[PDB]
Amino acid sequence: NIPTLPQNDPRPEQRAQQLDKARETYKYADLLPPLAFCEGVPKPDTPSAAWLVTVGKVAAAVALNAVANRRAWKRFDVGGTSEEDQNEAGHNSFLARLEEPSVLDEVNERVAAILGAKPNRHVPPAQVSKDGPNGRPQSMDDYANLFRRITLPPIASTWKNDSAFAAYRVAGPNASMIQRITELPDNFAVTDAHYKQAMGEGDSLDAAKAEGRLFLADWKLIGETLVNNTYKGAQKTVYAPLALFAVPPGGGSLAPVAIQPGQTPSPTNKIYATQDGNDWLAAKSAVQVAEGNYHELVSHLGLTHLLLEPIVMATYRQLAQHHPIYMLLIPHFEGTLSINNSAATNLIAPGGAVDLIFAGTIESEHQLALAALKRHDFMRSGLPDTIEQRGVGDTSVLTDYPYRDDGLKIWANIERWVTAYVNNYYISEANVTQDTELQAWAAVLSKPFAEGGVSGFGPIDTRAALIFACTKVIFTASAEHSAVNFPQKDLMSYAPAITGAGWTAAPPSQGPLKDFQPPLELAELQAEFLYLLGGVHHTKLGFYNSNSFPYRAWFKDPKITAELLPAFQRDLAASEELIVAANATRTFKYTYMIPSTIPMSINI
Amino acid sequence: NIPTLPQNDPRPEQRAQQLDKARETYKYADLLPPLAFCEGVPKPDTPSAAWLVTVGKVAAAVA
């Protein structure tokens, strides 16, 4: 078959009848206000068997670590529970390979209990707990010892170094935060003395501001939207810090200069610098807490999951199965509906993992997420555009920016493959306007953000405009989500390195480090649920197949099958070697933009 | 037992561990909007039996 535009289609009546049945299987829900959600999971978007088995094995290890953590506390129920989880691990690898009682029910339920922070996730079908790790830490060893049957992340041993703190701003979960500044803001007056502490006497703050070597990360939005909460009556705290970063003259890696935990300078809110010791380590730890709230809601959930959800909805509804753009975008949406529902009713739901671990009240977190979707500008949110919007573009000034360098490759790949796919099917700029399905598609997306649209979406009246919207979508389904989702397992499992709440007051430190860390019962949940969200690489960018049992190729037009997609896949195999090359020379690794590791869609 | 200020307390650790267990017992609520309220009546702050007997005599005459 050759997909075709609606005006060129030889059988328009059968086409508009498939969209009628399509709009009945994909109806809009209000699982989260403002946004445009789907009513449950339509059976087409059910998780594939391949996906369930992969997730099932991760949920098994997470469960076995929780049992092993329960053996350590109270130093048969732990033994019997240990084996029913082993039975599932053997059931998964063997029974599911037949190719759904063991696959369907057990996997979805185990994921729900991990993301929902439900009690007694020890054993399934065998139906805070003081027989598991809970309460205040005796020592900092209690946090590293929680990773018993899952591997402790490497940042658990590097995070105190200032080098690791700045690597987050270029190769961490929120690698898009910094911004080149020419003059310091008025509420963050850092001195030349603070600069010469970090960079030495050979450089001056004035010289760095002139040569574009100063970059700032400003968590002002956290202050605008969050409301501190409590856990079991214990005060959870979050800040809205500003942190300064500079590169040595002549170019080089980033390095932290100064930190101010609050938006407003005050007697209780001052500027901490590289030499201040225990106080400085807490001012970095405060920023890390701000990034956790900001990443998981803004960077991660708001601007990938929740950003693509109305587009996933409009694509099914207005674009027929015989539409070429429909053939391009649906495989980049596999399971996005399914994971966003498991996110809505479990993760960010009251009583879930984010409600307890992260500092804000759960509804204040939602406002933070919605605040970014409301201010986002889709048409000017292309990766090469955002790089030049921030002033982070010079490859010689700031030289260690893995996300920028690896990502700008994957973007160029996807744009080439999109520009090819579009130019084949859209042979005249009159094909775009007369695409009644694509214009309906653009309408429901061009709508106000309050009515359920994507901010800054219009207009899609050009082949170049459709090319961008299809590049940005594919990028968000693949590369960007890799750059944010998987750092959760590698860079966010260890609570002392970064977590959702501060558990003492402030960077002005008043005692031991272990008191700023979360209680163990939550610290175990953070490691486990972030292990699960970061430990599933299923489906691979460039490899378009079906979500059904044969897992056969998805395209049918032999133009794409034996030319256009192979052109795409080679470019990705090429960029992979350039990225793998640069990654060996790097101490702070960045696998999240490696073409082999990237998924097609948002699915975990 | 002679009371003592925190900085002078010979047993600071045991002291701090008490307020944690205490902040667990006395949690805030929004029973009345814009006011700092207690989440129900915690058990150590249950009305005493003397208070109930005195009140019970009055609540009987009213009935």
# chains A, B, ... in the order shown; residues from 1 in each chain; ligands from 1
$ closest_atom_pairs --of "chain B" --to "chain A" --cutoff "10 Å" --atoms "only C-alpha atoms" --output "JSON lines"
{"residue": "B:17", "atom": "CA", "partner": "A:136", "partner_atom": "CA", "distance": 9.4}
{"residue": "B:20", "atom": "CA", "partner": "A:234", "partner_atom": "CA", "distance": 7.4}
{"residue": "B:21", "atom": "CA", "partner": "A:233", "partner_atom": "CA", "distance": 9.2}
{"residue": "B:22", "atom": "CA", "partner": "A:233", "partner_atom": "CA", "distance": 8.8}
{"residue": "B:23", "atom": "CA", "partner": "A:233", "partner_atom": "CA", "distance": 5.3}
{"residue": "B:24", "atom": "CA", "partner": "A:233", "partner_atom": "CA", "distance": 4.9}
{"residue": "B:25", "atom": "CA", "partner": "A:233", "partner_atom": "CA", "distance": 7.6}
{"residue": "B:26", "atom": "CA", "partner": "A:233", "partner_atom": "CA", "distance": 7.2}
{"residue": "B:27", "atom": "CA", "partner": "A:233", "partner_atom": "CA", "distance": 5.1}
{"residue": "B:28", "atom": "CA", "partner": "A:233", "partner_atom": "CA", "distance": 7.5}
$ closest_residue --among "A:311, A:164, A:156, A:410" --to "residue 140 of chain A" --atoms "only C-alpha atoms"
A:156
$ atom_distance --atom1 "atom CA of residue 54 of chain B" --atom2 "atom CA of residue 36 of chain B"
29.3 Å
$ atom_distance --atom1 "atom CA of residue 102 of chain A" --atom2 "atom CA of residue 312 of chain A"
29.0 Å
$ residues_around --residues "residue 538 of chain A" --least-positions-apart "6" --cutoff "8 Å" --atoms "only C-alpha atoms" --output "list in words"
residues 50, 51, 54, 599 and 603 of chain A
$ write_last_selection --atoms "C-alpha atoms" --output "PDB file, in the first residue's frame"
ATOM      1  CA  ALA A  50       7.695  -7.450  24.540  1.00  0.00           C
ATOM      2  CA  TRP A  51       7.322  -4.311  26.656  1.00  0.00           C
ATOM      3  CA  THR A  54      11.142  -6.140  29.864  1.00  0.00           C
ATOM      4  CA  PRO A 599      13.687   4.488  21.907  1.00  0.00           C
ATOM      5  CA  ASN A 603       6.614   4.258  26.782  1.00  0.00           C
TER       6      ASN A 603
END
$ residues_around --residues "residue 277 of chain A" --least-positions-apart "3" --cutoff "12 Å" --atoms "only C-alpha atoms" --output "JSON, numbers by chain"
{"A": [160, 161, 162, 272, 273, 274, 280, 281, 282, 283, 284, 507, 508, 509]}
$ residues_around --residues "segment 197-210 of chain A" --least-positions-apart "6" --cutoff "7 Å" --atoms "only C-alpha atoms" --output "VMD selection string"
chain A and resid 182 to 183 248 257 274 to 275
$ write_last_selection --atoms "N, CA and C atoms" --output "compact mmCIF listing (two decimals), in the first residue's frame"
# COMPACT_ATOMS: atom_id res chain seq x y z
N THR A 182 25.33 38.22 30.00
CA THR A 182 26.31 39.27 29.79
C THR A 182 26.53 40.14 31.03
N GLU A 183 25.48 40.38 31.81
CA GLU A 183 25.59 41.05 33.09
C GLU A 183 24.82 40.25 34.13
N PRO A 248 36.85 27.97 32.12
CA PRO A 248 38.15 28.62 32.18
C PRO A 248 38.46 29.35 30.89
N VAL A 257 30.60 28.52 40.37
CA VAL A 257 31.17 29.75 40.92
C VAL A 257 30.46 30.16 42.21
N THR A 274 32.77 28.72 46.57
CA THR A 274 33.44 27.44 46.39
C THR A 274 34.27 27.00 47.58
N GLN A 275 34.63 27.91 48.48
CA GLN A 275 35.53 27.60 49.58
C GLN A 275 34.82 27.42 50.91
$ residues_around --residues "residue 129 of chain A" --least-positions-apart "6" --cutoff "9 Å" --atoms "only C-alpha atoms" --output "list in words"
residues 119, 120 and 521 of chain A
$ decode --residues "segment 19-54 of chain B" --atoms "N, CA, C and O atoms" --output "mmCIF file, in the first residue's frame"
data_model
loop_
_atom_site.group_PDB
_atom_site.id
_atom_site.type_symbol
_atom_site.label_atom_id
_atom_site.label_comp_id
_atom_site.auth_asym_id
_atom_site.auth_seq_id
_atom_site.Cartn_x
_atom_site.Cartn_y
_atom_site.Cartn_z
ATOM 1 N N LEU B 19 11.430 15.291 69.824
ATOM 2 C CA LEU B 19 10.622 16.224 69.042
ATOM 3 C C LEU B 19 10.222 15.639 67.694
ATOM 4 O O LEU B 19 9.160 15.985 67.162
ATOM 5 N N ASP B 20 11.051 14.764 67.123
ATOM 6 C CA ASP B 20 10.653 14.057 65.910
ATOM 7 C C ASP B 20 9.440 13.175 66.175
ATOM 8 O O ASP B 20 8.439 13.238 65.452
ATOM 9 N N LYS B 21 9.511 12.348 67.220
ATOM 10 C CA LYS B 21 8.356 11.549 67.613
ATOM 11 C C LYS B 21 7.181 12.431 68.019
ATOM 12 O O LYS B 21 6.021 12.029 67.869
ATOM 13 N N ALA B 22 7.458 13.638 68.518
ATOM 14 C CA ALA B 22 6.391 14.558 68.897
ATOM 15 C C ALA B 22 5.757 15.220 67.678
ATOM 16 O O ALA B 22 4.529 15.331 67.600
ATOM 17 N N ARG B 23 6.576 15.670 66.722
ATOM 18 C CA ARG B 23 6.038 16.225 65.485
ATOM 19 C C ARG B 23 5.285 15.184 64.667
ATOM 20 O O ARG B 23 4.463 15.557 63.822
ATOM 21 N N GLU B 24 5.550 13.896 64.893
ATOM 22 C CA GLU B 24 4.728 12.852 64.298
ATOM 23 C C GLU B 24 3.347 12.794 64.938
ATOM 24 O O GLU B 24 2.363 12.502 64.253
ATOM 25 N N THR B 25 3.255 13.081 66.240
ATOM 26 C CA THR B 25 1.986 12.985 66.950
ATOM 27 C C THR B 25 1.097 14.198 66.705
ATOM 28 O O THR B 25 -0.131 14.062 66.669
ATOM 29 N N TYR B 26 1.685 15.378 66.527
ATOM 30 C CA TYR B 26 0.941 16.629 66.402
ATOM 31 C C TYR B 26 1.161 17.191 65.000
ATOM 32 O O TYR B 26 2.083 17.977 64.770
ATOM 33 N N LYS B 27 0.305 16.786 64.065
ATOM 34 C CA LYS B 27 0.381 17.241 62.685
ATOM 35 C C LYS B 27 -0.674 18.307 62.416
ATOM 36 O O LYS B 27 -1.736 18.332 63.043
ATOM 37 N N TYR B 28 -0.370 19.187 61.467
ATOM 38 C CA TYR B 28 -1.252 20.295 61.146
ATOM 39 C C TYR B 28 -2.383 19.852 60.222
ATOM 40 O O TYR B 28 -2.309 18.822 59.546
ATOM 41 N N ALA B 29 -3.441 20.658 60.203
ATOM 42 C CA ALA B 29 -4.592 20.415 59.348
ATOM 43 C C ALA B 29 -5.171 21.760 58.927
ATOM 44 O O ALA B 29 -4.686 22.822 59.326
ATOM 45 N N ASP B 30 -6.215 21.708 58.107
ATOM 46 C CA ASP B 30 -6.935 22.888 57.645
ATOM 47 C C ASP B 30 -8.392 22.839 58.090
ATOM 48 O O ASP B 30 -9.300 23.227 57.350
ATOM 49 N N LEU B 31 -8.623 22.357 59.318
ATOM 50 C CA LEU B 31 -9.981 22.276 59.854
ATOM 51 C C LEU B 31 -10.691 23.624 59.772
ATOM 52 O O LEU B 31 -11.893 23.690 59.482
ATOM 53 N N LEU B 32 -9.960 24.709 60.022
ATOM 54 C CA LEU B 32 -10.456 26.058 59.789
ATOM 55 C C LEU B 32 -9.508 26.771 58.836
ATOM 56 O O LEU B 32 -8.299 26.852 59.117
ATOM 57 N N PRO B 33 -10.001 27.270 57.708
ATOM 58 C CA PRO B 33 -9.138 27.899 56.693
ATOM 59 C C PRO B 33 -8.289 29.022 57.273
ATOM 60 O O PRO B 33 -8.591 29.539 58.360
ATOM 61 N N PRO B 34 -7.228 29.472 56.533
ATOM 62 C CA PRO B 34 -6.172 30.315 57.114
ATOM 63 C C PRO B 34 -5.952 30.322 58.623
ATOM 64 O O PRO B 34 -5.768 31.394 59.209
ATOM 65 N N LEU B 35 -5.920 29.152 59.255
ATOM 66 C CA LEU B 35 -5.479 29.043 60.638
ATOM 67 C C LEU B 35 -4.729 27.734 60.828
ATOM 68 O O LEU B 35 -5.016 26.732 60.169
ATOM 69 N N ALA B 36 -3.756 27.761 61.735
ATOM 70 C CA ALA B 36 -2.933 26.593 62.031
ATOM 71 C C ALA B 36 -3.668 25.714 63.035
ATOM 72 O O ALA B 36 -3.821 26.087 64.203
ATOM 73 N N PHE B 37 -4.125 24.549 62.585
ATOM 74 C CA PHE B 37 -4.993 23.698 63.384
ATOM 75 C C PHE B 37 -4.372 22.321 63.580
ATOM 76 O O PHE B 37 -3.474 21.904 62.845
ATOM 77 N N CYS B 38 -4.877 21.617 64.589
ATOM 78 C CA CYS B 38 -4.417 20.274 64.908
ATOM 79 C C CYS B 38 -5.240 19.241 64.153
ATOM 80 O O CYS B 38 -6.452 19.396 63.981
ATOM 81 N N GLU B 39 -4.568 18.182 63.702
ATOM 82 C CA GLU B 39 -5.216 17.073 63.007
ATOM 83 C C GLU B 39 -5.883 16.200 64.061
ATOM 84 O O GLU B 39 -5.271 15.301 64.640
ATOM 85 N N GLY B 40 -7.161 16.470 64.317
ATOM 86 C CA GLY B 40 -7.898 15.713 65.311
ATOM 87 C C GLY B 40 -7.350 15.909 66.720
ATOM 88 O O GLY B 40 -6.537 16.788 67.002
ATOM 89 N N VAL B 41 -7.826 15.045 67.610
ATOM 90 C CA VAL B 41 -7.417 15.075 69.011
ATOM 91 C C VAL B 41 -6.438 13.935 69.267
ATOM 92 O O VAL B 41 -6.853 12.769 69.348
ATOM 93 N N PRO B 42 -5.143 14.217 69.398
ATOM 94 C CA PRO B 42 -4.180 13.147 69.681
ATOM 95 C C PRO B 42 -4.423 12.537 71.051
ATOM 96 O O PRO B 42 -4.942 13.185 71.964
ATOM 97 N N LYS B 43 -4.028 11.270 71.187
ATOM 98 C CA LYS B 43 -4.403 10.505 72.374
ATOM 99 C C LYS B 43 -3.861 11.077 73.681
ATOM 100 O O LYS B 43 -4.622 11.099 74.665
ATOM 101 N N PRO B 44 -2.605 11.527 73.786
ATOM 102 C CA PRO B 44 -2.178 12.171 75.042
ATOM 103 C C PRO B 44 -2.978 13.413 75.390
ATOM 104 O O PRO B 44 -3.024 13.792 76.568
ATOM 105 N N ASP B 45 -3.615 14.057 74.412
ATOM 106 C CA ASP B 45 -4.473 15.208 74.659
ATOM 107 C C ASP B 45 -5.952 14.837 74.690
ATOM 108 O O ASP B 45 -6.809 15.701 74.474
ATOM 109 N N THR B 46 -6.265 13.571 74.944
ATOM 110 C CA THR B 46 -7.642 13.185 75.206
ATOM 111 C C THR B 46 -8.124 13.873 76.481
ATOM 112 O O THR B 46 -7.358 13.993 77.445
ATOM 113 N N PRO B 47 -9.363 14.368 76.513
ATOM 114 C CA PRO B 47 -9.897 14.921 77.763
ATOM 115 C C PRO B 47 -9.826 13.903 78.890
ATOM 116 O O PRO B 47 -10.077 12.711 78.695
ATOM 117 N N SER B 48 -9.472 14.385 80.079
ATOM 118 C CA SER B 48 -9.355 13.515 81.236
ATOM 119 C C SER B 48 -10.736 13.069 81.713
ATOM 120 O O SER B 48 -11.771 13.606 81.310
ATOM 121 N N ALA B 49 -10.740 12.063 82.591
ATOM 122 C CA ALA B 49 -11.998 11.571 83.144
ATOM 123 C C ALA B 49 -12.630 12.575 84.097
ATOM 124 O O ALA B 49 -13.861 12.661 84.166
ATOM 125 N N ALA B 50 -11.817 13.337 84.834
ATOM 126 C CA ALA B 50 -12.359 14.374 85.704
ATOM 127 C C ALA B 50 -13.130 15.407 84.895
ATOM 128 O O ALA B 50 -14.239 15.803 85.267
ATOM 129 N N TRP B 51 -12.544 15.860 83.785
ATOM 130 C CA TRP B 51 -13.219 16.820 82.917
ATOM 131 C C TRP B 51 -14.539 16.263 82.401
ATOM 132 O O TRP B 51 -15.545 16.981 82.342
ATOM 133 N N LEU B 52 -14.561 14.977 82.043
ATOM 134 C CA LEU B 52 -15.774 14.379 81.494
ATOM 135 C C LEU B 52 -16.865 14.254 82.552
ATOM 136 O O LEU B 52 -18.045 14.493 82.265
ATOM 137 N N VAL B 53 -16.497 13.878 83.778
ATOM 138 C CA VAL B 53 -17.487 13.736 84.842
ATOM 139 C C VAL B 53 -18.106 15.088 85.178
ATOM 140 O O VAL B 53 -19.327 15.209 85.327
ATOM 141 N N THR B 54 -17.272 16.123 85.299
ATOM 142 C CA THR B 54 -17.786 17.467 85.544
ATOM 143 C C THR B 54 -18.725 17.904 84.429
ATOM 144 O O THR B 54 -19.845 18.360 84.686
#
